[PDB]
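Have a look at the structure below, then the notes.
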Amino acid sequence: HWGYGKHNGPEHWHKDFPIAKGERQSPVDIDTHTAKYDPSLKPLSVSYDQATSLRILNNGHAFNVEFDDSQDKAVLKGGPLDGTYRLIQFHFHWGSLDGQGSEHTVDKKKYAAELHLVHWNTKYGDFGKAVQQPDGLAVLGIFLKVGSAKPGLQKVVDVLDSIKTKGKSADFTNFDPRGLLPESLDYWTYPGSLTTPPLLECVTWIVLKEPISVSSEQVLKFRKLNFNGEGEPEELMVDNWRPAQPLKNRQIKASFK
Ligand SMILES: NS(=O)(=O)c1ccco1
Ligand SMILES: NS(=O)(=O)c1ccco1
Ligand SMILES: [Zn+2]
């Protein structure tokens, strides 16, 4: 029953998920002048050469491109991370118009959308165990700005017509998520949470500084999806972003000078 309408949107979630008002909630505004360069952070290692995409699913809140995470095929390591984190899925959050949609903001700037590549720490053995641990997940966040098309996004855009409504899925094999990355891997990092219920405080956030450019026609196709199920009154899937939460007692670290 939570969602992104007036009646069940982010300002309501705390009633069922009281950790919504916790001490390490996400997303947050990244104040670029306050984030300190940490010459002790490593370069991220994004090792997607062996990624196995399987399926795309409209879950009623976003669409997820799911991967085979039963072995170490597509992993995130390095950066602020200890150990190895397996890619399980990616998804986006976006707006009704290009001036909003991202969950993190940069000096209060909102981007048209934000991609989240979700990985879990193999030392916990499965995703459901990893979300119960403060170092269980690593989510790589990438901003989308509207300009030139992103060629590696078009395969995702073109299948959306087949998963319009909640509970629909489609085969989605052989998709290479390296085509969704920007040139640079410079990033900010901080400890946070899932941004959807149950809002668990289990995420090391790694947010890339360089946005990727996507076309207006590409993000318009995201906005044709539906929150509702088949044959239900149409509620366009737009504005499925949680706003910035209080930073509290946390420090955002930059990987770059
Ligand atoms: N807390 S919640 O967002 O799941 C909800 C259910 C009904 C109203 O608010
Ligand atoms: N949006 S996100 O990447 O923090 C996420 C993954 C699973 C639940 O919430
Ligand atoms: Zn997300």
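Chain identifiers are assigned as A, B, and so on, following the order in which chains appear in the structure tokens; residues are numbered from 1 within each chain, and ligands are numbered from 1 in order of appearance.
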Set the cut-off to 10 Å, count only C-alpha atoms and all ligand atoms, and list whatever residues fall near ligand 3 as a PDB file with C-alpha atoms, in the first residue's frame.
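The new file selection-v7.pdb reads:
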ATOM      1  CA  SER A  26      18.560   8.169   1.848  1.00  0.00           C
ATOM      2  CA  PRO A  27      18.607   9.973  -0.464  1.00  0.00           C
ATOM      3  CA  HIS A  61       7.013   1.374  -8.317  1.00  0.00           C
ATOM      4  CA  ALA A  62       9.681   1.251 -11.065  1.00  0.00           C
ATOM      5  CA  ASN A  64      13.882  -3.582 -12.558  1.00  0.00           C
ATOM      6  CA  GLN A  89      19.185  -5.463 -10.430  1.00  0.00           C
ATOM      7  CA  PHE A  90      19.073  -1.972 -11.680  1.00  0.00           C
ATOM      8  CA  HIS A  91      16.214   0.483 -11.853  1.00  0.00           C
ATOM      9  CA  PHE A  92      15.540   4.220 -12.219  1.00  0.00           C
ATOM     10  CA  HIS A  93      13.625   6.966 -10.536  1.00  0.00           C
ATOM     11  CA  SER A 102      16.483  12.270  -9.141  1.00  0.00           C
ATOM     12  CA  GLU A 103      16.557  11.153  -5.510  1.00  0.00           C
ATOM     13  CA  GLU A 114      18.648   8.646 -11.379  1.00  0.00           C
ATOM     14  CA  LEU A 115      19.813   5.047 -12.095  1.00  0.00           C
ATOM     15  CA  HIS A 116      20.542   2.691  -9.224  1.00  0.00           C
ATOM     16  CA  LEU A 117      22.700  -0.410  -9.778  1.00  0.00           C
ATOM     17  CA  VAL A 118      21.984  -2.492  -6.699  1.00  0.00           C
ATOM     18  CA  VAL A 139      24.172   1.022  -4.687  1.00  0.00           C
ATOM     19  CA  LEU A 140      25.840   2.845  -7.545  1.00  0.00           C
ATOM     20  CA  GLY A 141      23.793   5.968  -8.306  1.00  0.00           C
ATOM     21  CA  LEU A 194      17.125   1.872   0.715  1.00  0.00           C
ATOM     22  CA  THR A 195      15.010   4.710  -0.692  1.00  0.00           C
ATOM     23  CA  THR A 196      11.857   2.627  -0.854  1.00  0.00           C
ATOM     24  CA  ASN A 240       8.670   7.815  -8.250  1.00  0.00           C
ATOM     25  CA  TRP A 241      11.434   9.513  -6.270  1.00  0.00           C
ATOM     26  CA  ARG A 242      11.810  10.067  -2.537  1.00  0.00           C
TER      27      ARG A 242
END
Could you please extract the residues within 9 Å of ligand 1, counting only C-alpha atoms and all ligand atoms, and hand them back as a PyMOL selection string?
chain A and resi 1-4+7-18+197
Per DSSP on the backbone, what are the helix (DSSP H, G or I) residues of segment 17-165 of chain A, as a PyMOL selection string?
chain A and resi 18-21+122-124+127-130+151-162
I want to know what sits within 7 Å of residue 28 of chain A, based on only C-alpha atoms, with residues of the same chain fewer than 6 positions away left out; could you give that as number ranges by chain?
A: 104-105, 244-247
Shell around residue 229 of chain A at 10 Å using only C-alpha atoms, local window under 4 positions removed, as a VMD selection string
chain A and resid 58 to 60 164 to 168 233 to 235
Each residue of segment 119-191 of chain A with at least one atom at most 7 Å from segment 72-87 of chain A should appear once, together with its nearest atom pair and the corresponding distance in Å (one decimal); atoms considered: only C-alpha atoms; ordering: chain, then increasing residue number; output as JSON lines.
{"residue": "A:119", "atom": "CA", "partner": "A:87", "partner_atom": "CA", "distance": 4.2}
{"residue": "A:120", "atom": "CA", "partner": "A:85", "partner_atom": "CA", "distance": 4.7}
{"residue": "A:121", "atom": "CA", "partner": "A:85", "partner_atom": "CA", "distance": 4.3}
{"residue": "A:122", "atom": "CA", "partner": "A:85", "partner_atom": "CA", "distance": 5.8}
{"residue": "A:138", "atom": "CA", "partner": "A:85", "partner_atom": "CA", "distance": 6.8}
Go ahead and write the residues just picked, N, CA, C and O atoms, as a PDB file, in the first residue's frame.
ATOM      1  N   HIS A 119      23.743  -3.731  -5.566  1.00  0.00           N
ATOM      2  CA  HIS A 119      24.611  -4.926  -5.344  1.00  0.00           C
ATOM      3  C   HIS A 119      24.554  -5.335  -3.882  1.00  0.00           C
ATOM      4  O   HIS A 119      24.487  -4.516  -2.986  1.00  0.00           O
ATOM      5  N   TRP A 120      24.746  -6.631  -3.645  1.00  0.00           N
ATOM      6  CA  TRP A 120      24.755  -7.126  -2.256  1.00  0.00           C
ATOM      7  C   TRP A 120      26.052  -7.821  -1.922  1.00  0.00           C
ATOM      8  O   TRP A 120      26.709  -8.446  -2.763  1.00  0.00           O
ATOM      9  N   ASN A 121      26.379  -7.713  -0.630  1.00  0.00           N
ATOM     10  CA  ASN A 121      27.706  -8.191  -0.108  1.00  0.00           C
ATOM     11  C   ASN A 121      27.708  -9.699   0.027  1.00  0.00           C
ATOM     12  O   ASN A 121      26.844 -10.265   0.742  1.00  0.00           O
ATOM     13  N   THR A 122      28.597 -10.353  -0.735  1.00  0.00           N
ATOM     14  CA  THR A 122      28.572 -11.822  -0.747  1.00  0.00           C
ATOM     15  C   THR A 122      28.889 -12.494   0.602  1.00  0.00           C
ATOM     16  O   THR A 122      28.570 -13.671   0.734  1.00  0.00           O
ATOM     17  N   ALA A 138      25.574  -2.241  -1.743  1.00  0.00           N
ATOM     18  CA  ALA A 138      26.280  -1.059  -2.306  1.00  0.00           C
ATOM     19  C   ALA A 138      25.420  -0.711  -3.505  1.00  0.00           C
ATOM     20  O   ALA A 138      25.186  -1.531  -4.366  1.00  0.00           O
TER      21      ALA A 138
END
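Restricting the calculation to only C-alpha atoms, the smallest distance between residue 144 of chain A and any of A:94, A:205, A:187, A:63 is found for A:94.
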Given only C-alpha atoms and all ligand atoms as the counted atoms, nearest of A:32, A:25, A:40, A:228 to ligand 2
A:25
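Residues within 9 Å of residue 181 of chain A, counting only C-alpha atoms and excluding same-chain residues fewer than 6 positions away, are residues 142, 211 and 212 of chain A.
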Would you mind writing down, as a ChimeraX atom specification, each residue of segment 37-145 of chain A that DSSP on the backbone assigns to strand (DSSP E)?
/A:37,44-47,53-58,63-67,75-78,85-94,105-106,113-121,137-145
One residue among A:201, A:49, A:31, A:23 is nearest to ligand 2 when using only C-alpha atoms and all ligand atoms, and that residue is A:201
Spatial neighbours of segment 156-159 of chain A, 10 Å, only C-alpha atoms, chain gap at least 3 places, as a PDB file with C-alpha atoms, in the first residue's frame:
ATOM      1  CA  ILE A  56      12.737  -6.870 -16.854  1.00  0.00           C
ATOM      2  CA  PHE A  63      11.002  -1.293 -13.541  1.00  0.00           C
ATOM      3  CA  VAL A  65      16.350  -5.191 -14.999  1.00  0.00           C
ATOM      4  CA  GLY A 152      23.084   1.877 -24.437  1.00  0.00           C
ATOM      5  CA  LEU A 153      19.777   2.813 -22.889  1.00  0.00           C
ATOM      6  CA  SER A 162       5.701  -4.697 -23.196  1.00  0.00           C
ATOM      7  CA  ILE A 163       5.754  -4.171 -19.444  1.00  0.00           C
ATOM      8  CA  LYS A 164       3.401  -1.256 -19.154  1.00  0.00           C
ATOM      9  CA  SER A 169       7.678  -8.911 -17.062  1.00  0.00           C
ATOM     10  CA  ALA A 170       9.599  -9.701 -20.220  1.00  0.00           C
ATOM     11  CA  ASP A 171      12.683 -11.661 -21.106  1.00  0.00           C
ATOM     12  CA  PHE A 172      15.736  -9.323 -21.088  1.00  0.00           C
ATOM     13  CA  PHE A 175      21.859  -6.519 -21.982  1.00  0.00           C
ATOM     14  CA  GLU A 217      12.365  10.933 -26.251  1.00  0.00           C
ATOM     15  CA  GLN A 218      14.053   8.280 -24.055  1.00  0.00           C
ATOM     16  CA  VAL A 219      12.781   9.686 -20.747  1.00  0.00           C
ATOM     17  CA  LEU A 220       9.303  10.363 -22.308  1.00  0.00           C
ATOM     18  CA  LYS A 221       9.047   6.595 -22.777  1.00  0.00           C
ATOM     19  CA  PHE A 222       9.769   5.989 -19.066  1.00  0.00           C
TER      20      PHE A 222
END
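In this comparison, which uses only C-alpha atoms and all ligand atoms, the residue of A:127, A:134, A:215, A:224 approaching ligand 2 most closely is A:127.
Each of A:160, A:185, A:149, A:203 was checked against residue 132 of chain A using only C-alpha atoms; the smallest atom-to-atom distance is that of A:203.
One distance worth recording is that between atom CA of residue 52 of chain A and atom CA of residue 155 of chain A, which is 15.1 Å.
Each of A:174, A:188, A:146, A:199 was compared to residue 44 of chain A using only C-alpha atoms, and A:188 turns out to be the nearest.
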